[PDB]
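Enquirer: Dumping the structure here so I can ask a few things about it.
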Amino acid sequence: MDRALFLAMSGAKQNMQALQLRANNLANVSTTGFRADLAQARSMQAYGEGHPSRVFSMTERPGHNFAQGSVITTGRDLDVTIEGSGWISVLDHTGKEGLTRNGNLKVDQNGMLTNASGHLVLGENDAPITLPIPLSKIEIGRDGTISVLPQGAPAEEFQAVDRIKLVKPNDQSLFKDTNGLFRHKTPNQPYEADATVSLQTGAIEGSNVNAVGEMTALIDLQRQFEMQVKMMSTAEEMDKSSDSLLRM
Amino acid sequence: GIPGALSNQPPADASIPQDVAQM
Amino acid sequence: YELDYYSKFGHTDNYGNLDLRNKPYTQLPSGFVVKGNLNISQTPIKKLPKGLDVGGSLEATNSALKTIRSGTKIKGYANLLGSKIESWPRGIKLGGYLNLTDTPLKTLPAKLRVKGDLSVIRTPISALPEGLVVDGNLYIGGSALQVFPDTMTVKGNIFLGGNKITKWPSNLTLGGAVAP
Amino acid sequence: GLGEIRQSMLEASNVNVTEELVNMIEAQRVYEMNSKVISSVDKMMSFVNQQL
Amino acid sequence: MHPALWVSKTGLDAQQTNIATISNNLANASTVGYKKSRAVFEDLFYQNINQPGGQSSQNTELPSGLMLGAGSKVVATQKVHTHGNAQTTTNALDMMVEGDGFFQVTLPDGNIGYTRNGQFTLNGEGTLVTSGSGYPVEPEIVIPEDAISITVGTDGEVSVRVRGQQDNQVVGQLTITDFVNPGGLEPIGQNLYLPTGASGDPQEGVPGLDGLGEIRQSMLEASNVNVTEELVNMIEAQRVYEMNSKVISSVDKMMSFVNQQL
């Protein structure tokens, strides 16, 4: 009726969306290699004839928290965590290359090296890494080199077979896709395998969700949500009062 | 008129020479 | 007074737009760099520091801006409607228009290039410099101009604004027309 | 490449009791935090149909 | 947000960094040649609210000149490069530096990293390498197979005893590096430091001349962490952390009252 009902409704709806965005981070505190999503609000003015008094606010995801996660020491050979900044190249079920930070690796019955989510890990050849089937000792190098020991072979047979593809692009050019894999915003952009990133083998990288940061965002989203609801109530209260004009 | 009053039109800006030049 | 490292921090938004509207500042730090638009309208600033680099637009309407030092770079436009500037320096990197309406401007540097419109409305300027090239419209309404330079390039329409033109350029490539 | 049989021996469980206790601490805290969000959403929804 | 909420949150993040750097020190309480770190706090900038002119000396004792802070932050995790105590071991391949000086090892990428850790050993070829990842020590020191003992002098002069001939044959000489500002060195893990701009240029020289330290064989440098200092600072960090939580809830209750009463 006054268009301030919808101006406040559109703000209250967006505050719920930001609340859900923060809720996903808290639901994913223990997730491995999880980058917390950032939430903010953007002011978009309604340009047109009349006084510039109506400005909408909509929530967006400007970026992600690319800080180093909490490293968990597991003493497992097939667990690796990226030191500092970096990524691991994996292809999902669609055969589409995407960057990940989950270094919880495993070997299937055929020998292909996958991660906890089943994404095949790429290597120097840019093809999924395949290991000889009857292994005896698998050690992951600090730079990503994979050295294996054939079954029954003596100690002095630690030959390298593959090198984990570690990619360190600009963090501002990466977006989180629909399946948690970060990809270039510009499509058809090759992932250059960096040789500077290092793996801290024997440990797993946790999530970087700042629990306090989400909680203080929640309490501010609640108060701003409630204040706009009062604006909706006072908008209809004014409308009801301004109805006796035609009540002759 | 009042000084410093906001305008109801997009704010001519920098990128896209189009605005930086046309008055 | 002057502008310090922390004085400017209170007048900057998330996109580096410096707003000094009616602020009692008289000068800016030497070698000043502003990421976004700079607004110094209605300010007692008399001279801009040398090496000023603006990533946006300049607005100094109704201000005390009188002197500009050479080497200043402006990505956008320079809006000086109603300032106190008397002379325009040579070598200013300007990517927009130069609005000098209601200014005491008298002289302009030779071979000046303006990438947009040029307004010298109500200015005591006596003669446009030879080699002046304008990529937009020309406003000379209410000015003291009565003689045009021999060669000038106005990509837009020249607006006389009332003053009588006694001499026309010999080499003039005009994309528009001439209006009184 | 196979292992060797050792007589009069046994293999103890490889569980790390300290790891489980540390895991319990984190899991309990995450459990309580998500409960607050559910309570927060319900209180926000309560404010809507009560104020309006 | 209400500005009082984020002011208190910066105090919470400042203490979280303090807790992180204080748990790391206690984790490396037995690491050989480990230098403790302390979190250094500094207050954020104050903004003039009632006087946008930016003149904070006009009426500072008046409401017009009021200035409000933006919280606190951890400005640096300063390393305290004090000398540690001596551990007397039986191994002949571990060394120690008496005073100022840093050992030199060659990283896989080519540049050298400086360390206080003296736990060394030999590889298959016999070169002196680190006891951990195995990075060789600069300059290279190769021990002959016929050698029966290793003697490292106070000036790093490495000599071995070989039977069939008296006098020890010298097979190399250690050399240590000192820095003008060792606190500016970048820790990279594995008991290694990388030179930075704030540290200054490396100053290399024989271990025992020009103010450098002396190499001690069969001796190790203990970590300089003070476990009691960490526990005391841990106590303060918790209480400051709790206090900033109280005010955040206090602001939340006040704002909840506003939209519930009005």
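Enquirer: Could you please find all residues in segment C:96-114 being under 11 Å from the mean Cα position of the chain (by Cα) and part of a loop (DSSP other than H, G, I, E, B)?
Expert: Residues of segment C:96-114 under 11 Å from the mean Cα position of the chain (by Cα): C:96-101, C:103, C:105, C:108, C:114.
Matches in segment C:96-114: C:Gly96, C:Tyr97, C:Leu100, C:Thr101, C:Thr103, C:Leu105, C:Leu108.
Enquirer: Is there any pair with a first residue in segment C:165-179 that is loosely packed, with under 12 Cβ neighbours inside 10 Å and a second that is among the charged types (D, E, K, R) whose Cβ atoms are under 9 Å apart and which are 6 or more apart or on different chains, and what are they?
Expert: Taking only residues 6 or more apart or on different chains, the pairs are C:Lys167/C:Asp150; C:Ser170/C:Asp150; C:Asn171/C:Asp150; C:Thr173/C:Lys155.
Enquirer: Scan segment E:152-165 and tell me whether some residue there is touching a residue at least 60 places away in the same chain (Cβ under 8 Å) and either surrounded by 16 or more Cβ atoms within 10 Å (Cβ to Cβ) or under 30 Å from E:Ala76 (Cα atoms) (or both). Steps first, answer last, please.
Expert: Going through segment E:152-165, the residues touching a residue at least 60 places away in the same chain (Cβ under 8 Å) turn out to be E:152-155.
Restricting the remaining residues to those that are either surrounded by 16 or more Cβ atoms within 10 Å (Cβ to Cβ) or under 30 Å from E:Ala76 (Cα atoms) (or both) gives E:152-153.
Looking for residues that are touching a residue at least 60 places away in the same chain (Cβ under 8 Å) and either surrounded by 16 or more Cβ atoms within 10 Å (Cβ to Cβ) or under 30 Å from E:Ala76 (Cα atoms) (or both), one finds at least one in segment E:152-165, hence yes.
Enquirer: Return the pair list, or none, for Cβ contacts closer than 8 Å from residues in segment B:3-23 that are within 8 Å of chain C (Cβ to nearest Cβ) to residues that are surrounded by 11 or more Cβ atoms within 10 Å (Cβ to Cβ) and part of a helix (DSSP H, G or I), at least 6 apart or on different chains.
Expert: Between residues of segment B:3-23 that are within 8 Å of chain C (Cβ to nearest Cβ) and residues that are surrounded by 11 or more Cβ atoms within 10 Å (Cβ to Cβ) and part of a helix (DSSP H, G or I), the close pairs are B:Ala12/B:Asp19; B:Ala12/B:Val20; B:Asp13/B:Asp19; B:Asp13/B:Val20; B:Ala14/B:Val20.
Enquirer: When both residues are 6+ apart or on different chains and their Cβ atoms are under 7 Å apart, which pairs have a first residue that lies in segment A:52-69 and is within 14 Å of chain B (Cβ to nearest Cβ), and a second that is surrounded by 15 or more Cβ atoms within 10 Å (Cβ to Cβ) and in a strand (DSSP E or B)?
Expert: A:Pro52/A:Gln45; A:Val55/A:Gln45
Enquirer: Now for a separate question. Evaluate segment C:145-152: report whether one residue or more is without any contact (Cβ under 8 Å) to a residue 40 or more places away in the chain, over 25 Å from C:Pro49 (Cβ atoms), surrounded by fewer than 15 Cβ atoms within 10 Å (Cβ to Cβ) and of a type in the set (A, V, I, L, M, F, W, C).
Expert: At the first step, the residues of segment C:145-152 found to be without any contact (Cβ under 8 Å) to a residue 40 or more places away in the chain are C:145-152.
In the following step, the residues that additionally are over 25 Å from C:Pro49 (Cβ atoms) were identified as C:145-152.
Those left that are additionally surrounded by fewer than 15 Cβ atoms within 10 Å (Cβ to Cβ): C:146-147, C:150-151.
Checking which are of a type in the set (A, V, I, L, M, F, W, C) leaves us with C:147.
Yes, segment C:145-152 contains a residue that is without any contact (Cβ under 8 Å) to a residue 40 or more places away in the chain, over 25 Å from C:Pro49 (Cβ atoms), surrounded by fewer than 15 Cβ atoms within 10 Å (Cβ to Cβ) and of a type in the set (A, V, I, L, M, F, W, C).
Enquirer: Sort out which residues of segment C:68-86 are β-branched (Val, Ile, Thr) and within 11 Å of the chain's Cα centre (by Cα), and write them in order of number. Step through it out loud before you land on a result.
Expert: Within segment C:68-86, the subset β-branched (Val, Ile, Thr) is C:68, C:72, C:74, C:85.
Hits for segment C:68-86 are C:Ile68, C:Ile74, C:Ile85.
Enquirer: Hey, another quick one. Out of everything in segment C:100-115 that is within 21 Å of C:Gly71 (Cβ to Cβ) and not hydrophobic (A, V, I, L, M, F, W, C), what residue ends up being farthest from the other protein chains (Cβ to nearest Cβ)? Outline the logic, then answer.
Expert: Our first condition is that a residue be within 21 Å of C:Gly71 (Cβ to Cβ); within segment C:100-115, this holds for C:100, C:105, C:107-115.
Those still in the list that are not hydrophobic (A, V, I, L, M, F, W, C) too: C:107, C:109, C:111, C:113, C:115.
Details: C:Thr107: 23, C:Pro109: 20, C:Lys111: 19, C:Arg113: 12, C:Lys115: 5 Å.
If we take residues in segment C:100-115 being within 21 Å of C:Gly71 (Cβ to Cβ) and not hydrophobic (A, V, I, L, M, F, W, C), then C:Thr107 is farthest from the other protein chains (Cβ to nearest Cβ).
Enquirer: Being assigned to a loop (DSSP other than H, G, I, E, B) and not charged (D, E, K, R) is the filter here; which residues of segment E:200-219 pass it? So that I can check it myself, show each step before the final result.
Expert: The first filter runs over segment E:200-219 and keeps only residues assigned to a loop (DSSP other than H, G, I, E, B), leaving E:200-202, E:206, E:208, E:210-213, E:218.
Those that are assigned to a loop (DSSP other than H, G, I, E, B) and not charged (D, E, K, R): E:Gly200, E:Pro202, E:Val206, E:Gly208, E:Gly211, E:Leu212, E:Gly213, E:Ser218.
Enquirer: Got a number for residues in segment C:121-142 being within 13 Å of another protein chain (Cβ to nearest Cβ) and part of a loop (DSSP other than H, G, I, E, B)? Spell out how you get there, then give the answer.
Expert: Pass one, segment C:121-142, residues within 13 Å of another protein chain (Cβ to nearest Cβ): C:121, C:134-139.
Filter again for part of a loop (DSSP other than H, G, I, E, B), leaving C:121, C:135-137.
Looking only at that region, the number is 4.
Enquirer: Let me ask something additional. Of all residues in segment A:200-248, which are away from chain E (no Cβ under 12 Å), surrounded by 18 or more Cβ atoms within 10 Å (Cβ to Cβ), over 21 Å from the mean Cα position of the chain (by Cα) and among the charged types (D, E, K, R)?
Expert: none
Enquirer: Within segment A:114-151, work out how many residues are touching a residue at least 40 places away in the same chain (Cβ under 8 Å), among the aliphatic types (A, V, I, L, M) and assigned to a strand (DSSP E or B).
Expert: 4
Enquirer: Select from segment A:48-68 the residues that are out of contact with any helix residue (DSSP H, G or I) (no Cβ under 8 Å at 6 or more places or on another chain) and exposed (fewer than 14 other Cβ atoms within 10 Å of the Cβ) and list them in ascending order.
Expert: If the condition is that a residue be out of contact with any helix residue (DSSP H, G or I) (no Cβ under 8 Å at 6 or more places or on another chain) and exposed (fewer than 14 other Cβ atoms within 10 Å of the Cβ), then A:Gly48, A:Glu49, A:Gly50, A:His51, A:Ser53, A:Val55, A:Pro62, A:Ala67 are the ones that fit.
Enquirer: How many of the residues making up segment C:43-83 are β-branched (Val, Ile, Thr), more than 12 Å from chain B (Cβ to nearest Cβ) and more than 16 Å from C:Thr26 (Cβ to Cβ)? Let's see the steps before the verdict.
Expert: The initial filter retains those residues of segment C:43-83 that are β-branched (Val, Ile, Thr), namely C:43, C:45, C:54, C:61, C:67-68, C:72, C:74.
So of that shortlist, the ones also more than 12 Å from chain B (Cβ to nearest Cβ) come out as C:43, C:45, C:67-68, C:72.
Right, trim to more than 16 Å from C:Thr26 (Cβ to Cβ) and you get C:72.
So the answer is 1.
Enquirer: Taking the condition more than 9 Å from every other protein chain (Cβ to nearest Cβ), within 22 Å of A:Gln20 (Cβ to Cβ), exposed (fewer than 10 other Cβ atoms within 10 Å of the Cβ) and not hydrophobic (A, V, I, L, M, F, W, C), does D:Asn14 pass?
Expert: Working: more than 9 Å from every other protein chain (Cβ to nearest Cβ): yes; within 22 Å of A:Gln20 (Cβ to Cβ): no; exposed (fewer than 10 other Cβ atoms within 10 Å of the Cβ): yes; not hydrophobic (A, V, I, L, M, F, W, C): yes.
Considered against the rule, which asks whether it is more than 9 Å from every other protein chain (Cβ to nearest Cβ), within 22 Å of A:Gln20 (Cβ to Cβ), exposed (fewer than 10 other Cβ atoms within 10 Å of the Cβ) and not hydrophobic (A, V, I, L, M, F, W, C), D:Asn14 comes out as no.
Enquirer: Conditions first: (1) in a loop (DSSP other than H, G, I, E, B); (2) within 21 Å of A:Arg35 (Cα to Cα); (3) away from every other protein chain (no Cβ under 14 Å). A:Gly95 passes all but one, so which condition is the exception?
Expert: Single failed check for A:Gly95: (2).
Enquirer: Look through segment A:1-43, keep the residues that are in contact with a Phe, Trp or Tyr (Cβ under 8 Å, 6 or more places away or on another chain) and farther than 26 Å from A:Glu205 by Cβ, and return whichever of them is surrounded by the fewest Cβ atoms within 10 Å (Cβ to Cβ).
Expert: The initial filter retains those residues of segment A:1-43 that are in contact with a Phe, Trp or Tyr (Cβ under 8 Å, 6 or more places away or on another chain), namely A:7, A:10-12, A:15-16, A:19, A:28, A:35, A:43.
Next cut, farther than 26 Å from A:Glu205 by Cβ only: A:7, A:10-12, A:15-16, A:19, A:43.
Values: A:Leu7: 19, A:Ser10: 14, A:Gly11: 22, A:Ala12: 18, A:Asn15: 24, A:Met16: 16, A:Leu19: 20, A:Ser43: 8.
That would be A:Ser43.
Enquirer: For E:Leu194, state whether it is farther than 21 Å from E:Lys36 by Cα and surrounded by fewer than 18 Cβ atoms within 10 Å (Cβ to Cβ). Before you say what the answer is, go through the steps one by one.
Expert: On the way: farther than 21 Å from E:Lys36 by Cα: no; surrounded by fewer than 18 Cβ atoms within 10 Å (Cβ to Cβ): yes.
Considered against the rule, which asks whether it is farther than 21 Å from E:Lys36 by Cα and surrounded by fewer than 18 Cβ atoms within 10 Å (Cβ to Cβ), E:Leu194 comes out as no.
Let's see how each residue does on (1) among the β-branched types (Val, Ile, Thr); (2) assigned to a strand (DSSP E or B):
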position	(1), (2)
E:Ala70	no, no
E:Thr77	yes, yes
E:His83	no, no
E:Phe103	no, yes
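Enquirer: Please find, within chain D, the residue that is nearest to the chain's Cα centre (by Cα) out of those that are acidic (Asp, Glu) and outside any loop (DSSP other than H, G, I, E, B). So that I can check it myself, show each step before the final result.
Expert: Step one: list which residues in chain D are acidic (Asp, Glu), which gives D:4, D:11, D:19-20, D:26, D:32, D:42.
Among the residues that remain, those that are also outside any loop (DSSP other than H, G, I, E, B) are: D:19-20, D:26, D:32, D:42.
Working: D:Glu19: 12, D:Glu20: 9, D:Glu26: 6, D:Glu32: 11, D:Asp42: 24 Å.
The selected residue is D:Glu26.
Note: ideal-geometry Cβ built from the backbone for every residue, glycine included; neighbour counts use all protein chains shown. Each reported figure results from applying straightforward, stated rules to the coordinates on display, with no laboratory input.
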